[PDB]
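What follows is one chain in structure tokens, specifically the form deposited without the named molecule.
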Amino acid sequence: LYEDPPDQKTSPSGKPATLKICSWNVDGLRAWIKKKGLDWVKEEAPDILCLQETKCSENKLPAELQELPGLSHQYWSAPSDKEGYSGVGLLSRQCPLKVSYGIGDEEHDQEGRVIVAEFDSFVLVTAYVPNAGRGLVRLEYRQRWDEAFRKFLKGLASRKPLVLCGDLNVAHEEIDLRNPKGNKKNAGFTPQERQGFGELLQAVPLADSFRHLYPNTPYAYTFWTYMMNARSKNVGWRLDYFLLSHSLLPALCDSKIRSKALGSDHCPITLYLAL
């Protein structure tokens, strides 16, 4: 019930996109690689690929990653303990000026959720935000993560324009999920998570790239539960975002949701910037 519009590869002024970023919760790097995930990446050919839920230790990465074309600068962060949980990755054509891990808060830097890669004209963060859990059991912690993450990004943005991407584990508004009424007390659509997302946009400040370009467009989602084949019925949530510093809006070409690409229960999202 949703058709992503064609790629707009020029900026409002007509500048051709110079930077293509793809972000994807892969629900297990090895399982996704098996489902030809890297085949799809090679076709999409991003300058930067950010992955979440790698569930892979930094020293047990598959050999297929060594192969990737112009994505040879690769950065990985996983829980410094048990494997098979969380984990993020950032693979870049160009070498970043600097790469950092976590958000500068030890309690929040233990589950391999955040990679920071600074470039010439912007800083890129990819995040796997902690979900609030069955029965909202981790909601109190998620609210604390939210505030610490906001403070951290506020600091980054004060020095360089910011691009935040990944699985932020909240559907911001009713338009961002198929069933708002039934999910107001479930992880991803609590008033607390939605309020924290609003604070993040106002405080840093950041713009929701997709919603900025497509403010009235419903049924655009990036996650569908595997069960009941929700994906075929498009019973989904928009959990994956590109949020941009306001100063980057003139560089924005497009923000895509690759609804058709398989290999996970999230689909990829793709950003085009003219820097």
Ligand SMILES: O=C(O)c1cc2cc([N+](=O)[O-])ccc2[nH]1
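One-based numbering along the sequence shown.
From this point on, the text means the form solved in complex with the named molecule, which you will not see here.
> Assess the spot marked by 48, 92 and 120: is the named molecule within 4.5 Å of a heavy atom from every one of these residues in the deposited bound form?
Yes, because 48, 92 and 120 each have a heavy atom that approaches the named molecule to within 4.5 Å in the deposited bound form.
> Which is the contacting stretch out of 149-157, 92-100, 174-182, 134-142, given heavy atoms within 4.5 Å of the named molecule in the deposited bound form?
Heavy atoms within 4.5 Å of the named molecule in the deposited bound form occur in 92-100.
> Using heavy atoms only and a 4.5 Å cut-off, determine which of 251, 19, 267, 22 is in contact with the named molecule in the deposited bound form.
It is 19 that has a heavy atom within 4.5 Å of the partner.
> Residue 275 near the named molecule in the deposited bound form, any heavy atom under 4.5 Å?
Residue 275: contacts the named molecule in the deposited bound form.
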